[PDB]
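So the structure is just underneath, and the comments pick up after that.
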Amino acid sequence: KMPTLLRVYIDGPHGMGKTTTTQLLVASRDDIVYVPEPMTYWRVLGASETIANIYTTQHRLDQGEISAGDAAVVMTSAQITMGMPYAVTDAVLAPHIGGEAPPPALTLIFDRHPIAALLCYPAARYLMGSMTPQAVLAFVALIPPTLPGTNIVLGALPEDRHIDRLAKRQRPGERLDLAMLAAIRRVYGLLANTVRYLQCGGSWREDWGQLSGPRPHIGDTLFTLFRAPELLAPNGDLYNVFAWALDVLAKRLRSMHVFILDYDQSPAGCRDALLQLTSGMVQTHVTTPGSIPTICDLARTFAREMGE
Amino acid sequence: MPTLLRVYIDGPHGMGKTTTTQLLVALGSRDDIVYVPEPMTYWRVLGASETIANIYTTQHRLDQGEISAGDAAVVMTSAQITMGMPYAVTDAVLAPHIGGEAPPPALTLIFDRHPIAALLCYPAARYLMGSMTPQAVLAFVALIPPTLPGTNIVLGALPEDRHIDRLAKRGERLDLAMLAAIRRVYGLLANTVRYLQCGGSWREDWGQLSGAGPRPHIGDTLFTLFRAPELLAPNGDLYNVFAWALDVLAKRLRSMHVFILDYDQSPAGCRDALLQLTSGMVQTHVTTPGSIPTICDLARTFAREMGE
Ligand SMILES: C#Cc1cn([C@@H]2O[C@H](CO)[C@@H](O)[C@@H]2C)c(=O)[nH]c1=O
Ligand SMILES: C#Cc1cn([C@@H]2O[C@H](CO)[C@@H](O)[C@@H]2C)c(=O)[nH]c1=O
C-alpha cells in the first residue's frame with residue numbers, strides 16, 4: 001500500500017492572521033511543506049499589481065467614477081489572474097491523490113484553496129456590486145472536482161478584532177474596506193453553513209421555494225445568493241444552465257471536510273489550534289511510489305518562485 | 001452495460017459545423033441521437049448582453065487604436081469566461097455519467113463545440129490577435145476539465161480561399177486576421193494531439209523552438225505559442241507555474257480522439273463524410289443504467305433553453 005498524504009488548506013477571509021499563523025507553523029522541514037500565497041504571481045508574473053487593480057476598481061466604482069459593468073469586466077479578469085496558481089497546482093496534484101486512509105508520510109499545508117478564487121471572492125465582489133452573478137457561476141462551473149482528503153480550515157474571529165488585525169496586515173495595493181470585509185466574512189460564513197446543509201441531506205432544489213415568503217436554512221447557505229434576478233426566467237424560474245452550476249457547487253462542497261480555527265488568540269495559540277485540528281482531518285494514499293517526492297518538489301518550487 | 005457515443009464538432013467558425021451536425025442528427029430518431037447546440041441564447045442574453053458583438057467590436061477598437069491592449073485584454077478575458085460557461089457546466093454534469101471506453105450505441109450526443117474551444121482555442125487566437133495575454137490563456141488552460149474517456153473531436157479542413165468566401169457571405173465583423181489566427185490555432189491543436197499520441201514530450205523538445213501520420217515537430221504544436229517573453233524567467237526558461245500549465249495542456253489533449261472532416265464539399269457531402277468517420281469513434285459505457293435518459297433530458301433541456 002502506498003504512502004499516506006495529508007492535505008490541509010488554510011482558508012477563510014483575509015486579515016484574521018492566516019499568514020503569520022502558518023508562518024509560525026512553517027517552522028521537520030522535510031516531511032511537511034508550506035505552500036505560501038502566490039504573491040509574486042499576483043504582482044509580477046500573471047499581471048502588474050493585481051491586488052492594487054482590484055481595490056482601486058472597487059473604489060472607483062464606489063466614487064461613481066466608473067460603472068457597474070466596467071467594474072465587472074476588470075474584476076472578472078483579475079479573478080482569473082488571482083486564481084491561476086491555485087488552479088495549476090490542483091491540476092498537477094490530482095493524479096497523485098489516491099483514496100482515503102497512524103502518522104502520515106507527507107503533510108501539505110496550502111495558503112488557501114481554489115474555491116477562494118473560484119467561488120468565495122467572486123461571490124463577495126458580487127455582493128459589492130462589482131461582479132455579475134453569471135461570472136460567479138462561470139467560475140463555479142470550473143471548480144476542480146473534490147479530491148479525497150480535502151480538509152479546509154476556516155477562521156472564527158469577532159468582527160471588531162478582525163478589523164484590528166486587518167488594519168495592521170494590509171497586502172500591497174490593498175485598501176481597508178469594511179464593506180468588503182463584511183461581504184467576505186458573510187460569504188465564508190455562508191460557505192460553512194453550505195457544507196453542513198449538504199452533508200445533513202440538504203437538497204437545494206427541494207428547498208428552493210423557501211427563499212420566497214437537522215440542518216441550516218437555505219436562506220443561510222450560499223444558495224441564497226443566487227436568487228439573483230439576472231439568473232431568472234420571466235416567471236421567476238432559475239435558468240437550467242444556472243441550476244446545473246448549483247448542482248456542481250453542491251457536489252463540490254458536500255465532500256470537503258471543514259475545520260474551524262479560532263483566530264481570537266495568540267499567534268502560537270493559533271498554531272497549536274491548527275495542530276489539534278489535524279487529528280480529525282482525512283488522509284489519503286498517494287497513487288505512485290515517487291508521488292511523495294514529486295509532490296514535495298512542486299511544493300518547494302511553488303514556494304520559491306511565487307512566495308512573498 | 002448500455003453504451004454511449006459522444007462526438008464534439010469543433011474547429012474555426014464559418015465552416016459548416018452547425019449545418020453538418022444538424023443534417024447528421026436528422027437521420028437518427030427522436031430517441032437515439034441528440035444535438036447539443038451552441039448556447040447562443042446564453043451568449044446574447046442570459047450570461048451577458050451581445051457578447052459576440054462585444055468581442056468583435058473590442059477587437060476592432062484595439063486594431064483601430066481607440067483602446068489599449070490592456071483594456072482590450074480585460075474585455076476579451078471576461079467575454080471568454082462567459083462564452084465558455086455553458087460548455088463547462090455541461091461537461092461537469094455529464095462527467096459522473098460516463099464510464100470506461102467500449103456494435104451500436106444506446107445514445108449518441110452530437111456537441112456543437114468542445115470545452116477547449118472557449119477555454120483554449122479562442123483564447124490562444126485572441127492572444128495572437130494581441131487582445132489577450134499569454135498568462136490568461138494559460139489560466140483558461142489550467143481550468144480545462146479532466147478529459148472524459150471517449151472524447152471524440154472532429155476538427156475541420158477547408159481551403160483558406162473557400163473559407164474566406166463562406167465567411168464573407170454571412171453580431172460579428174469580417175476579420176480575416178482573426179480567421180488566420182483561429183485556423184492556425186486549430187491546426188496546431190490537431191498537430192498537438194498527434195505529437196502527444198506519438199509519445200512526444202514538450203519538456204524534452206522545448207529547446208527546439210525559435211522563429212494520423214508521423215510525429216510533428218514541437219514548433220508545429222500549441223507549445224510553440226508559449227515561448228513568449230512574459231512567460232520567461234531571467235534564465236530564459238519558463239516559470240514553473242507556466243510549465244505546469246503546459247503539463248496540464250498535454251495531459252488534457254493526449255487522451256483525445258481527433259478526427260478531421262473535409263468541409264470542401266456540399267452539406268449532404270459533409271453529413272455523409274462525418275457519418276462515415278463516426279464508425280471509427282470510441283464509445284464509452286455509462287455508470288447508472290438510467291444514465292442514458294438522464295443524459296437525454298439534459299441535452300434536450302440544454303438545446304431547448306439555449307439554442308435557436
Ligand atoms: C484567493 C484569492 C483572492 C485573494 N484576493 C486578495 O489577495 C490578498 C490575499 O490575502 C487580499 O488583498 C485579498 C483577500 C482577492 O482579491 N481575490 C482572490 O480571489
Ligand atoms: C465556444 C466558443 C466560442 C465562440 N466564439 C465565437 O462565436 C461566434 C459564433 O457566431 C464566432 O465568432 C466564434 C465561434 C468565440 O469568439 N469564442 C468562443 O470561445
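The chains in the C-alpha cells are called A, B, ... from first to last as shown; in each chain the residues are counted from 1, and the ligands are counted from 1 in the order shown.
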Near residue 44 (chain A), within 10 Å and counting only C-alpha atoms, which residues show up once chain neighbours fewer than 6 positions away are dropped, as a list in words?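 The filter keeps residues 50 and 306 of chain A; 230 of chain B.
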Exercise answer, chain B residues close to chain A, 6 Å and only C-alpha atoms, as an mmCIF file with C-alpha atoms, in the first residue's frame:
data_model
loop_
_atom_site.group_PDB
_atom_site.id
_atom_site.type_symbol
_atom_site.label_atom_id
_atom_site.label_comp_id
_atom_site.auth_asym_id
_atom_site.auth_seq_id
_atom_site.Cartn_x
_atom_site.Cartn_y
_atom_site.Cartn_z
ATOM 1 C CA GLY B 47 -24.912 35.255 -19.414
ATOM 2 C CA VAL B 74 -9.759 42.536 -19.772
ATOM 3 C CA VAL B 75 -12.798 42.707 -22.062
ATOM 4 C CA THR B 77 -10.947 37.606 -20.901
ATOM 5 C CA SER B 78 -14.315 38.453 -19.307
ATOM 6 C CA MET B 85 -19.711 28.711 -19.134
ATOM 7 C CA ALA B 88 -18.148 23.902 -18.605
ATOM 8 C CA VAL B 89 -21.356 23.088 -16.655
ATOM 9 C CA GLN B 135 -0.803 34.436 -18.945
ATOM 10 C CA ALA B 139 -5.217 30.484 -16.834
ATOM 11 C CA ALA B 142 -5.280 25.277 -16.327
ATOM 12 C CA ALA B 245 0.046 24.810 -17.157
#
For a test of reading the model, state the distance in Å between CA of residue 261 (chain A) and CA of residue 155 (chain A), rounded to one decimal.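 Value for the CA of residue 261 (chain A)-CA of residue 155 (chain A) distance: 4.9 Å.
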Please identify the residues whose atoms come within 6 Å of ligand 1, using only C-alpha atoms and all ligand atoms, and report them as a PyMOL selection string. chain A and resi 14+51+79+82-83+116-117+121+171+174
Write to file, as an mmCIF file, in the first residue's frame, the residues of the selection just made, with N, CA and C atoms.
data_model
loop_
_atom_site.group_PDB
_atom_site.id
_atom_site.type_symbol
_atom_site.label_atom_id
_atom_site.label_comp_id
_atom_site.auth_asym_id
_atom_site.auth_seq_id
_atom_site.Cartn_x
_atom_site.Cartn_y
_atom_site.Cartn_z
ATOM 1 N N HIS A 14 -9.402 37.079 4.489
ATOM 2 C CA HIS A 14 -8.112 37.695 4.766
ATOM 3 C C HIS A 14 -8.157 38.588 6.017
ATOM 4 N N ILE A 51 -3.714 42.906 -7.056
ATOM 5 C CA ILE A 51 -4.385 43.317 -5.835
ATOM 6 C C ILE A 51 -4.699 44.809 -5.856
ATOM 7 N N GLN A 79 -9.745 38.200 -11.216
ATOM 8 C CA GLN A 79 -10.005 36.943 -10.510
ATOM 9 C C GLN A 79 -9.489 35.717 -11.262
ATOM 10 N N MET A 82 -5.752 36.016 -10.179
ATOM 11 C CA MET A 82 -5.648 35.622 -8.770
ATOM 12 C C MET A 82 -5.729 34.112 -8.575
ATOM 13 N N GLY A 83 -6.548 33.469 -9.391
ATOM 14 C CA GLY A 83 -6.836 32.065 -9.202
ATOM 15 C C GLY A 83 -5.866 31.076 -9.817
ATOM 16 N N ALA A 116 -11.364 29.678 -2.939
ATOM 17 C CA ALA A 116 -11.193 31.065 -2.548
ATOM 18 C C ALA A 116 -11.307 31.934 -3.786
ATOM 19 N N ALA A 117 -10.521 31.621 -4.802
ATOM 20 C CA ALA A 117 -10.531 32.425 -6.012
ATOM 21 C C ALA A 117 -11.617 32.034 -7.021
ATOM 22 N N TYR A 121 -14.311 34.696 -3.149
ATOM 23 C CA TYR A 121 -14.039 36.074 -3.547
ATOM 24 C C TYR A 121 -14.917 36.625 -4.666
ATOM 25 N N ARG A 171 -2.011 43.882 2.511
ATOM 26 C CA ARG A 171 -1.149 43.492 1.393
ATOM 27 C C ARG A 171 -0.924 44.662 0.436
ATOM 28 N N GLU A 174 -3.669 47.049 -1.383
ATOM 29 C CA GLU A 174 -4.940 46.872 -0.684
ATOM 30 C C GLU A 174 -5.478 48.153 -0.036
#
Using only C-alpha atoms and all ligand atoms, which residues have at least one atom no more than 10 Å from ligand 2? Output them as an NGL selection string. :B and (10-14 or 38-40 or 43 or 51-56 or 76 or 79-87 or 112-123 or 125-126 or 171-175 or 178-179 or 182)
Just write the chosen residues, N, CA and C atoms, as a compact mmCIF listing (two decimals), in the first residue's frame.
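Everything below was put into selection_1.txt:
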# COMPACT_ATOMS: atom_id res chain seq x y z
N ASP B 10 -15.82 20.52 -33.66
CA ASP B 10 -15.15 21.78 -33.34
C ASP B 10 -14.42 22.36 -34.53
N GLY B 11 -13.65 23.41 -34.31
CA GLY B 11 -12.86 23.98 -35.38
C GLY B 11 -13.22 25.43 -35.57
N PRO B 12 -12.51 26.13 -36.45
CA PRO B 12 -12.81 27.54 -36.70
C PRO B 12 -14.27 27.72 -37.12
N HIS B 13 -14.85 28.86 -36.77
CA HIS B 13 -16.22 29.18 -37.18
C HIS B 13 -16.29 29.39 -38.68
N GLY B 14 -17.51 29.31 -39.23
CA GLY B 14 -17.73 29.62 -40.63
C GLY B 14 -17.40 28.49 -41.58
N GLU B 38 -24.90 25.26 -29.96
CA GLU B 38 -24.19 26.30 -29.25
C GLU B 38 -25.17 27.17 -28.46
N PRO B 39 -24.80 27.50 -27.21
CA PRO B 39 -25.74 28.18 -26.31
C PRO B 39 -25.84 29.65 -26.71
N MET B 40 -26.38 29.90 -27.90
CA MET B 40 -26.45 31.24 -28.45
C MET B 40 -27.26 32.16 -27.57
N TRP B 43 -25.22 33.29 -24.76
CA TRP B 43 -24.33 34.29 -25.35
C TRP B 43 -24.94 35.69 -25.57
N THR B 51 -22.57 39.33 -26.40
CA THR B 51 -21.18 39.01 -26.12
C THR B 51 -20.37 38.88 -27.41
N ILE B 52 -20.91 38.17 -28.38
CA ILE B 52 -20.29 38.05 -29.69
C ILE B 52 -20.03 39.45 -30.27
N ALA B 53 -21.04 40.31 -30.19
CA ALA B 53 -20.94 41.67 -30.68
C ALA B 53 -19.93 42.52 -29.90
N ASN B 54 -19.82 42.26 -28.60
CA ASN B 54 -18.86 42.99 -27.78
C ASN B 54 -17.41 42.55 -28.10
N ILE B 55 -17.23 41.26 -28.32
CA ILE B 55 -15.94 40.68 -28.70
C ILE B 55 -15.39 41.31 -30.00
N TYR B 56 -16.17 41.22 -31.07
CA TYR B 56 -15.74 41.71 -32.37
C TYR B 56 -15.53 43.22 -32.40
N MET B 76 -11.78 40.93 -23.36
CA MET B 76 -11.71 39.63 -24.01
C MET B 76 -11.72 38.49 -23.01
N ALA B 79 -15.20 38.24 -21.54
CA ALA B 79 -16.10 37.73 -22.56
C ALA B 79 -15.89 36.24 -22.74
N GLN B 80 -14.63 35.82 -22.74
CA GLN B 80 -14.32 34.41 -22.93
C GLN B 80 -14.80 33.53 -21.78
N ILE B 81 -14.75 34.06 -20.56
CA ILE B 81 -15.26 33.33 -19.40
C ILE B 81 -16.73 33.06 -19.59
N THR B 82 -17.43 34.06 -20.10
CA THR B 82 -18.85 33.97 -20.36
C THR B 82 -19.11 32.99 -21.50
N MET B 83 -18.38 33.16 -22.60
CA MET B 83 -18.54 32.27 -23.75
C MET B 83 -18.51 30.79 -23.36
N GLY B 84 -17.66 30.44 -22.40
CA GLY B 84 -17.40 29.04 -22.12
C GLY B 84 -18.21 28.37 -21.05
N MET B 85 -18.93 29.18 -20.28
CA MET B 85 -19.71 28.71 -19.13
C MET B 85 -20.64 27.54 -19.45
N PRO B 86 -21.45 27.65 -20.51
CA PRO B 86 -22.39 26.54 -20.71
C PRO B 86 -21.70 25.25 -21.13
N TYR B 87 -20.50 25.34 -21.70
CA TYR B 87 -19.75 24.13 -22.05
C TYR B 87 -19.21 23.51 -20.77
N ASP B 112 -22.11 20.81 -30.41
CA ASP B 112 -21.60 21.90 -31.20
C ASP B 112 -20.52 22.58 -30.36
N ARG B 113 -19.29 22.13 -30.58
CA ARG B 113 -18.07 22.54 -29.87
C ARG B 113 -17.77 21.79 -28.57
N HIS B 114 -16.48 21.67 -28.26
CA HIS B 114 -15.95 21.07 -27.03
C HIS B 114 -15.50 22.21 -26.10
N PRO B 115 -15.51 21.98 -24.77
CA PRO B 115 -15.00 22.98 -23.81
C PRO B 115 -13.72 23.71 -24.22
N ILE B 116 -12.77 23.00 -24.83
CA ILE B 116 -11.48 23.61 -25.19
C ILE B 116 -11.57 24.70 -26.26
N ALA B 117 -12.69 24.77 -26.98
CA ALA B 117 -12.90 25.86 -27.92
C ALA B 117 -12.84 27.20 -27.18
N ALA B 118 -13.64 27.31 -26.11
CA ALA B 118 -13.71 28.54 -25.33
C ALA B 118 -12.61 28.65 -24.30
N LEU B 119 -12.07 27.52 -23.86
CA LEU B 119 -11.05 27.52 -22.83
C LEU B 119 -9.61 27.45 -23.36
N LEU B 120 -9.44 27.39 -24.68
CA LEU B 120 -8.10 27.26 -25.27
C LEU B 120 -7.95 27.90 -26.65
N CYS B 121 -8.75 27.47 -27.61
CA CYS B 121 -8.53 27.88 -28.99
C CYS B 121 -8.82 29.34 -29.23
N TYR B 122 -10.00 29.80 -28.84
CA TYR B 122 -10.28 31.23 -28.96
C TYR B 122 -9.41 32.13 -28.05
N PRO B 123 -9.14 31.69 -26.81
CA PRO B 123 -8.13 32.47 -26.08
C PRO B 123 -6.78 32.58 -26.83
N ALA B 125 -6.16 32.29 -29.88
CA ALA B 125 -6.34 33.08 -31.10
C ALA B 125 -6.45 34.56 -30.79
N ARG B 126 -7.05 34.88 -29.65
CA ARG B 126 -7.10 36.28 -29.22
C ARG B 126 -5.73 36.74 -28.75
N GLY B 171 -23.95 39.68 -35.52
CA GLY B 171 -23.20 40.13 -34.35
C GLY B 171 -21.70 40.24 -34.57
N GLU B 172 -21.21 39.69 -35.69
CA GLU B 172 -19.78 39.67 -35.97
C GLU B 172 -19.33 40.83 -36.87
N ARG B 173 -18.05 40.79 -37.27
CA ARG B 173 -17.46 41.72 -38.23
C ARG B 173 -16.37 40.95 -39.00
N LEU B 174 -16.30 41.12 -40.33
CA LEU B 174 -15.36 40.32 -41.14
C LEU B 174 -13.89 40.60 -40.85
N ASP B 175 -13.31 39.72 -40.06
CA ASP B 175 -11.97 39.90 -39.58
C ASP B 175 -11.17 38.75 -40.12
N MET B 178 -8.33 37.49 -37.74
CA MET B 178 -8.84 36.57 -36.73
C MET B 178 -9.00 35.15 -37.28
N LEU B 179 -9.41 35.07 -38.54
CA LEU B 179 -9.66 33.79 -39.21
C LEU B 179 -8.34 33.03 -39.44
N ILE B 182 -7.39 31.82 -35.80
CA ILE B 182 -8.18 30.66 -35.38
C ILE B 182 -7.93 29.41 -36.27
Have a look at CA of residue 254 (chain A) and CA of residue 115 (chain A) and let me know their distance in Å, one decimal.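 So the answer is 13.2 Å.
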Let me make sure I understand: among B:181, B:46, B:4, B:92, which one has the smallest atom-to-atom distance to residue 250 (chain A) if we use only C-alpha atoms?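 Counting only C-alpha atoms, the residue closest to residue 250 (chain A) is B:92.
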Which of A:189, A:3, A:64, A:17 sits closest to residue 100 (chain A) [using only C-alpha atoms]: A:3
Residue nearest residue 105 (chain A) among A:16, A:66, A:33, A:71 (counting only C-alpha atoms):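 Nearest to residue 105 (chain A): A:33.
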Among the residues of region 61-280 of chain B, find those DSSP assigns to helix (DSSP H, G or I) from the backbone and print them as a PyMOL selection string. chain B and resi 61-64+69-97+115-128+134-142+160-169+176-197+202-208+218-220+222-226+229-231+240-253+267-278
Have a look at A:229, A:9, A:15, A:198 and name the one nearest to residue 163 (chain A); count only C-alpha atoms.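 The shortest atom-to-atom distance to residue 163 (chain A) comes from A:15.
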Region 87-307 of chain A: residues DSSP assigns to strand (DSSP E or B), reported as an NGL selection string: :A and (97-100 or 106-111 or 151-156 or 232 or 238 or 257-262 or 284-286)
Within 8 Å of region 214-220 of chain A using only C-alpha atoms, minus same-chain residues under 6 positions, as a PyMOL selection string: chain A and resi 190+193-194+196-197+200-202+204+207-208
Residues of the last selection are to be written out with N, CA, C and O atoms, as a PDB file, in the first residue's frame.
ATOM      1  N   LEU A 190     -21.549  31.855   5.163  1.00  0.00           N
ATOM      2  CA  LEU A 190     -22.477  31.098   4.314  1.00  0.00           C
ATOM      3  C   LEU A 190     -21.816  29.797   3.798  1.00  0.00           C
ATOM      4  O   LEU A 190     -22.428  28.722   3.832  1.00  0.00           O
ATOM      5  N   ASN A 193     -21.995  27.133   6.368  1.00  0.00           N
ATOM      6  CA  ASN A 193     -23.361  26.632   6.539  1.00  0.00           C
ATOM      7  C   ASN A 193     -23.693  25.710   5.380  1.00  0.00           C
ATOM      8  O   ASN A 193     -24.355  24.687   5.547  1.00  0.00           O
ATOM      9  N   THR A 194     -23.216  26.092   4.202  1.00  0.00           N
ATOM     10  CA  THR A 194     -23.467  25.340   2.994  1.00  0.00           C
ATOM     11  C   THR A 194     -22.952  23.901   3.058  1.00  0.00           C
ATOM     12  O   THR A 194     -23.652  22.990   2.652  1.00  0.00           O
ATOM     13  N   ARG A 196     -22.424  22.096   5.862  1.00  0.00           N
ATOM     14  CA  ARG A 196     -23.314  21.417   6.829  1.00  0.00           C
ATOM     15  C   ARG A 196     -24.704  21.074   6.259  1.00  0.00           C
ATOM     16  O   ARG A 196     -25.267  20.009   6.534  1.00  0.00           O
ATOM     17  N   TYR A 197     -25.254  21.994   5.477  1.00  0.00           N
ATOM     18  CA  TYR A 197     -26.525  21.783   4.788  1.00  0.00           C
ATOM     19  C   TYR A 197     -26.445  20.589   3.838  1.00  0.00           C
ATOM     20  O   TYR A 197     -27.291  19.699   3.872  1.00  0.00           O
ATOM     21  N   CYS A 200     -25.909  17.135   5.733  1.00  0.00           N
ATOM     22  CA  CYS A 200     -27.056  16.685   6.528  1.00  0.00           C
ATOM     23  C   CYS A 200     -28.222  16.221   5.665  1.00  0.00           C
ATOM     24  O   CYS A 200     -29.253  15.787   6.183  1.00  0.00           O
ATOM     25  N   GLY A 201     -28.070  16.341   4.354  1.00  0.00           N
ATOM     26  CA  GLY A 201     -29.045  15.786   3.438  1.00  0.00           C
ATOM     27  C   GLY A 201     -29.717  16.866   2.629  1.00  0.00           C
ATOM     28  O   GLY A 201     -30.632  16.600   1.857  1.00  0.00           O
ATOM     29  N   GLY A 202     -29.243  18.092   2.799  1.00  0.00           N
ATOM     30  CA  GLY A 202     -29.839  19.233   2.134  1.00  0.00           C
ATOM     31  C   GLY A 202     -29.863  19.156   0.619  1.00  0.00           C
ATOM     32  O   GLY A 202     -28.837  18.940  -0.035  1.00  0.00           O
ATOM     33  N   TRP A 204     -30.867  21.581  -2.405  1.00  0.00           N
ATOM     34  CA  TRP A 204     -31.224  22.930  -2.806  1.00  0.00           C
ATOM     35  C   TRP A 204     -32.492  23.045  -3.659  1.00  0.00           C
ATOM     36  O   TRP A 204     -33.284  23.964  -3.455  1.00  0.00           O
ATOM     37  N   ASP A 207     -35.597  22.779  -1.405  1.00  0.00           N
ATOM     38  CA  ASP A 207     -35.869  23.914  -0.525  1.00  0.00           C
ATOM     39  C   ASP A 207     -35.836  25.249  -1.243  1.00  0.00           C
ATOM     40  O   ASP A 207     -35.875  26.283  -0.599  1.00  0.00           O
ATOM     41  N   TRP A 208     -35.717  25.240  -2.563  1.00  0.00           N
ATOM     42  CA  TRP A 208     -35.567  26.492  -3.296  1.00  0.00           C
ATOM     43  C   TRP A 208     -36.792  27.401  -3.127  1.00  0.00           C
ATOM     44  O   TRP A 208     -36.671  28.633  -3.128  1.00  0.00           O
TER      45      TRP A 208
END
Have a look at CA of residue 286 (chain B) and CA of residue 93 (chain A) and let me know their distance in Å, one decimal.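 Answer for the CA of residue 286 (chain B) to CA of residue 93 (chain A) separation: 26.7 Å.
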Between B:298, B:31, B:283, B:18, single out the one closest to residue 91 (chain B), counting only C-alpha atoms.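 Closest to residue 91 (chain B) of all the choices is B:298.
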Give me the residues near residue 24 (chain A) as a list in words, where near means some atom within 9 Å (using only C-alpha atoms) and where sequence neighbours in that chain fewer than 4 positions away do not count.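 That gives residues 19, 20, 267, 268 and 271 of chain A.
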